[PDB]
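Comments concern the structure below.
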Protein chains: 4
Amino acid sequence: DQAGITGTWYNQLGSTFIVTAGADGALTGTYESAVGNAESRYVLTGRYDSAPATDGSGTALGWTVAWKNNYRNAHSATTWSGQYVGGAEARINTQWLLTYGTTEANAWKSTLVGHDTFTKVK
Amino acid sequence: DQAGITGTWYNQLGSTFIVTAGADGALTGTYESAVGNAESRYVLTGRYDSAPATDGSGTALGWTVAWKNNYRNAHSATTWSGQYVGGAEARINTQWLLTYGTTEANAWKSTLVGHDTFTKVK
Amino acid sequence: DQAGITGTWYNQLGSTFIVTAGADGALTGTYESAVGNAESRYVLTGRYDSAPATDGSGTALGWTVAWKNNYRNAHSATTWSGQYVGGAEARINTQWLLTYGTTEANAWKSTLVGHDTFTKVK
Amino acid sequence: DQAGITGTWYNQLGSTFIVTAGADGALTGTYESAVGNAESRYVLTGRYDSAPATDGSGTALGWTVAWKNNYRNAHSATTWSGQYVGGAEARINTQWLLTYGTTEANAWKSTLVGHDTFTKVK
Ligand code: NA
């Protein structure tokens, strides 16, 4: 599925996820968010199951973006956890956690949760 | 917080998180889980905010493990999203998502959520 | 939105959510899951913001089902947290946590997370 | 566990959860938050597994609060999902989702996630 995963993906918000899957299970690339306090590309890294089950289960993967680049620093980081589902309309189905740096007093509201679905087209 | 983050951490379950924080915002290391379908070390990668706010906010970070190594494949991946809090008893406070690859019929129950707190001692 | 909310809703799995919104902010009804260790109807209760913002924001709400009725006991409970969005195709957009009763040794994997979208038609 | 659950609990933030567990699996009571845009008591309702497993598993439960009372309206709702653990130091261990009413353009950041642990003392 390294072939399957490698490439450019778009989520329902119009964000762009550019990724390369290595044969060793690495994920590397860039992320551009259509929303939030964000501009241009941000480095991402992650991991995926490079020897998935052959029973038509999806392929588990996840990755992280820290929302700091040369343009902006949102003092936050998102991780997406999900699975790649192959076939005619390939999808990465995710849930994500966004944590922003807070004081201890604000720690209770430090983390957003959502869900993003990525496809190969817009 | 490069120095602050780099090192060996343990969570409340007795899992071991060995990480290096690069100056470019990279996290690299290994993870050993005291629980689940897991043995020995697994590669992790992630990102952290390499220029955090100076108002006493934590430092946002996240990382991923795909639960495949030379011993086992759990066909799953966990992402931790959280913040590093410096000082006498330093902490990484996280929330995590564990997605396991499923059929589309089992997709609704593909994801676990939890929270791990990491300290520099057991 | 009392009127808007009250009635029969269906999610993307084919589950059926039958609810009455009281004027005091109460939600009462039954839930039938198309998936999992579930048969027939289960009691639900919840709350909703009975005086929402008038700026086009959704209406916050949540509810709980404990997965025990006269047929089955899954020893678990789901809460849905989300918002009701009015207009031509009304939606309830949710995220949910499902916790199942565990031993302390299995507590780390006690909780599932997902997202359900409910509409007035199947 | 009806007697077990019924009563006053406190979480790690100093919030106060006052609950009655009915024989039919109902949870009714009030919640006061030590944090956020909250004052005084708010109605809660929820459900719990009134016939738990006898193998030393916890008891599943959940409840909702809509953050509207006679003082304030935060246009939001939290659901807690978790389990009651009996014994010398009884605990309710939860994860929670807080959704606030948003426009469709801000839906992606409408939901916070956390974890609260409740005990019988502060
Ligand atoms: Na509820």
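Following the order of the structure tokens, first chain is A, next is B, and so on, with residues numbered from 1 inside each chain and ligands from 1 in the order they appear.
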Nearby residues (only C-alpha atoms) at most 7 Å from region 109-122 of chain B, same-chain spacing under 6 positions excluded, as a PyMOL selection string: (chain B and resi 8-12+90-102) or (chain C and resi 108-109+111-113)
Mind dumping the selected residues with N, CA and C atoms as a compact mmCIF listing (two decimals), in the first residue's frame?
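Result saved to result-v6.txt:
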```
# COMPACT_ATOMS: atom_id res chain seq x y z
N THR B 8 14.37 9.61 28.25
CA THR B 8 13.53 8.46 28.51
C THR B 8 12.37 8.88 29.41
N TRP B 9 11.14 8.51 28.98
CA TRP B 9 9.95 8.82 29.74
C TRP B 9 9.17 7.56 30.00
N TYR B 10 8.35 7.57 31.06
CA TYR B 10 7.53 6.44 31.44
C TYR B 10 6.12 6.96 31.69
N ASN B 11 5.12 6.17 31.34
CA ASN B 11 3.75 6.58 31.61
C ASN B 11 3.23 5.76 32.78
N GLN B 12 1.95 5.97 33.10
CA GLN B 12 1.32 5.37 34.26
C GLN B 12 1.12 3.86 34.08
N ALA B 90 8.90 17.38 35.55
CA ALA B 90 8.50 17.58 34.17
C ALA B 90 7.52 16.48 33.75
N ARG B 91 6.58 16.85 32.88
CA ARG B 91 5.52 15.96 32.43
C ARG B 91 5.29 16.16 30.94
N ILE B 92 5.00 15.05 30.25
CA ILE B 92 4.26 15.12 28.99
C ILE B 92 2.83 14.64 29.23
N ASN B 93 1.87 15.55 29.04
CA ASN B 93 0.46 15.20 29.23
C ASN B 93 -0.17 14.93 27.87
N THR B 94 -0.69 13.71 27.67
CA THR B 94 -1.21 13.37 26.36
C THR B 94 -2.63 12.82 26.40
N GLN B 95 -3.25 12.94 25.22
CA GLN B 95 -4.41 12.15 24.83
C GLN B 95 -3.99 11.36 23.60
N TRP B 96 -4.55 10.17 23.42
CA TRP B 96 -4.14 9.38 22.27
C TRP B 96 -5.32 8.71 21.58
N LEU B 97 -5.13 8.44 20.28
CA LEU B 97 -6.05 7.66 19.47
C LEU B 97 -5.32 6.43 18.96
N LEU B 98 -5.92 5.27 19.15
CA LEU B 98 -5.39 4.04 18.58
C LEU B 98 -6.38 3.56 17.52
N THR B 99 -5.98 3.58 16.24
CA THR B 99 -6.81 3.02 15.19
C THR B 99 -6.27 1.65 14.79
N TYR B 100 -7.12 0.63 14.72
CA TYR B 100 -6.67 -0.64 14.16
C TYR B 100 -7.35 -0.83 12.80
N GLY B 101 -6.63 -1.38 11.83
CA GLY B 101 -7.23 -1.63 10.52
C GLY B 101 -8.42 -2.59 10.61
N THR B 102 -9.56 -2.20 10.05
CA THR B 102 -10.78 -2.99 10.11
C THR B 102 -11.39 -3.10 8.71
N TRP C 108 -7.12 0.90 30.10
CA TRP C 108 -6.49 1.67 29.04
C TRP C 108 -7.23 1.51 27.72
N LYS C 109 -7.86 0.35 27.47
CA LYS C 109 -8.59 0.14 26.23
C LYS C 109 -10.11 0.12 26.43
N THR C 111 -12.32 2.52 26.08
CA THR C 111 -13.13 3.57 25.47
C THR C 111 -12.91 3.70 23.96
N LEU C 112 -14.02 3.56 23.20
CA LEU C 112 -14.04 3.83 21.77
C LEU C 112 -14.48 5.27 21.50
N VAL C 113 -13.96 5.82 20.40
CA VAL C 113 -14.37 7.11 19.91
C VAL C 113 -14.77 6.99 18.44
```
Protein and nucleic acid residues within 7 Å of ligand 1 (only C-alpha atoms and all ligand atoms) as a PyMOL selection string: (chain C and resi 45-47+62-64+79) or (chain D and resi 45-47+62-64+79)
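Closest approach to chain A from the set D:78, D:83, D:59, D:54 is made by D:78, with distances taken over only C-alpha atoms.
Separating CA of residue 58 (chain B) from CA of residue 66 (chain A) is a distance of 13.5 Å.
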Backbone-only DSSP, alpha helix (DSSP H) members of chain D, as a PyMOL selection string: chain D and resi 2-5
Can I get the selection written as a CSV table (one decimal), in the first residue's frame, with N, CA, C and O atoms?
```csv
chain,number,residue,atom,x,y,z
D,2,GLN,N,-26.0,1.1,42.8
D,2,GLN,CA,-26.9,2.2,42.9
D,2,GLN,C,-26.5,3.2,44.0
D,2,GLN,O,-26.4,4.4,43.9
D,3,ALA,N,-26.3,2.5,45.2
D,3,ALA,CA,-25.8,3.2,46.4
D,3,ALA,C,-24.4,3.7,46.2
D,3,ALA,O,-24.1,4.9,46.6
D,4,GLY,N,-23.5,2.9,45.6
D,4,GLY,CA,-22.2,3.2,45.2
D,4,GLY,C,-22.1,4.5,44.4
D,4,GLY,O,-21.3,5.4,44.8
D,5,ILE,N,-23.0,4.7,43.4
D,5,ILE,CA,-22.9,5.9,42.6
D,5,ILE,C,-23.6,7.1,43.1
D,5,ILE,O,-23.1,8.2,43.0
```
Exercise: region 30-42 of chain D partners within 10 Å, only C-alpha atoms, chain neighbours under 6 positions left out, as a PyMOL selection string: (chain A and resi 105-106+108-109) or (chain D and resi 8-20+64-76)
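Going from CA of residue 26 (chain A) over to CA of residue 60 (chain A), you cover 12.2 Å.
Using only C-alpha atoms for every distance, the candidate list C:22, C:7, C:29, C:87 yields C:29 as the residue closest to residue 43 (chain C).
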